[PDB]
Amino acid sequence: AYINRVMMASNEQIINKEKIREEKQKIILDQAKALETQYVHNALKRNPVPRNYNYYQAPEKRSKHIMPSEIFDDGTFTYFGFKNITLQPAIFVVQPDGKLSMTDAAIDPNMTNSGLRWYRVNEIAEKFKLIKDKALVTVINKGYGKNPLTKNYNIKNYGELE
Amino acid sequence: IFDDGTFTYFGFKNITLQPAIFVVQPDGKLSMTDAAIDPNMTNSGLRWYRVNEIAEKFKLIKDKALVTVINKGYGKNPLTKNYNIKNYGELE
């Protein structure tokens with residue numbers, strides 16, 4: 001009866017406490033990973049703060065089914081707010097020679113302020129045509145260049161880089 | 001706008017757009033030069049845009065709007081002679 005080898009089979013309690021050590025290290029590591037990706041996913045699409053409101057509009061003729069309602073910006077993007085009884089125009093940025101420029105745009109699904117349909121464009125300019133085939137309406141930015149940003153890289157100013 | 005004797009750093013706002021920069025050749029013609037937005041410089045909250053030449057007139061051209069930059073400090077402070085941008089340079 002050599003019970004001493006059973007006692008020398010207790011060097012894996014060192015292995016036991018070290019695997020509990022690296023396991024709680026693993027749990028705190030991926031818990032910090034999940035926490036920070038929760039934060040950077042929550043504060044990536046949060047909301048934009050508005051920057052200026054000084055927007056006028058001028059419809060030509062029978063542009064009531066195309067007229068925007070509440071328009072503002074954030075210094076980077078311009079948020080148009082339509083009703084739902086209105087249709088969806090083709091938005092255009094007036095180039096400073098007077099010509100037009102088709103820009104990328106999307107209906108923003110996150111914003112539902114005041115029960116509108118929000119539609120952002122990715123430019124800040126002074127005149128915006130909203131054109132369907134005959135009806136159109138021109139939006140005049142009388143707050144152009146009054147409140148810009150200083151300089152940033154991401155939409156919210158908690159930005160990442162590599 | 002400033003320079004370092006080798007590169008010329010333009011500093012834009014962000015409400016402005018991004019022109020096509022051009023170096024005026026001394027006959028009066030233009031010359032497209034290589035340029036890049038410098039990501040390291042964020043002085044005064046601007047968009048820095050360096051070109052790789054030192055000249056006297058710089059056109060900044062989009063389709064109808066343009067602006068001419070006049071170097072009234074051209075050739076007043078050059079370098080002596082160097083090989084790299086910072087003067088701790090390597091060679092083989």
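Summary table below
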| quantity | calculated |
| --- | --- |
| Residue in region B:40-90 that is nearest to residue B:24 (Cα to Cα), counting only those that are within 14 Å of another protein chain (Cβ to nearest Cβ) and either touching a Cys at 6+ places or on another chain (Cβ under 6 Å) or of a type in the set (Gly, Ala, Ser) (or both) | B:65 |
| Count of residues meeting criterion [within 14 Å of chain A (Cβ to nearest Cβ) and touching a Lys or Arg at 6+ places or on another chain (Cβ under 7 Å)] in region B:18-27 | 1 |
| Selection within region B:33-50 - in a strand (DSSP E or B), surrounded by 14 or more Cβ atoms within 10 Å (Cβ to Cβ) and without any contact (Cβ under 8 Å) to a residue 40 or more places away in the chain | B:35, B:47, B:48 |
| Test result for residue A:137, within 13 Å of chain B (Cβ to nearest Cβ), touching a strand residue (DSSP E or B) at 6+ places or on another chain (Cβ under 6 Å) and crowded, with 17+ Cβ neighbours inside 10 Å | no |
| Sole exception among (1) surrounded by fewer than 12 Cβ atoms within 10 Å (Cβ to Cβ); (2) under 24 Å from the mean Cα position of the chain (by Cα) for residue A:99, by number | (2) |
| Qualifying positions in region A:55-90 - in contact (Cβ under 8 Å) with a residue 24 or more places away in the chain, in contact with a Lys or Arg (Cβ under 8 Å, 6 or more places away or on another chain), part of a strand (DSSP E or B) and not polar (S, T, N, Q) | A:55, A:56, A:73, A:79, A:80, A:81, A:82, A:90 |
| Enumeration of residues in region A:140-157 that are of a type outside the set (D, E, K, R), within 23 Å of the chain's Cα centre (by Cα) and surrounded by 11 or more Cβ atoms within 10 Å (Cβ to Cβ) | A:141, A:143, A:144, A:145, A:147, A:148, A:149, A:150, A:152, A:154, A:155 |
| Residue selected from region A:91-119 under the condition in a strand (DSSP E or B) and of a type in the set (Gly, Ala, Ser), by the criterion nearest to the other protein chains (Cβ to nearest Cβ) | A:101 |
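To keep it simple, each residue is scored yes or no on (1) polar (S, T, N, Q); (2) touching a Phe, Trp or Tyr at 6+ places or on another chain (Cβ under 7 Å).
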| position | (1), (2) |
| --- | --- |
| B:26 | no, no |
| B:29 | no, no |
| B:32 | no, yes |
| B:35 | no, yes |
| B:40 | yes, no |
| B:44 | yes, no |
| B:53 | no, no |
| B:60 | no, no |
| B:67 | no, no |
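Every read-out reported here was derived from the displayed coordinates using simple, explicitly stated rules and does not represent laboratory data. No Cβ is skipped: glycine too gets one built from the backbone with ideal geometry, and neighbour counts run over all protein chains shown.
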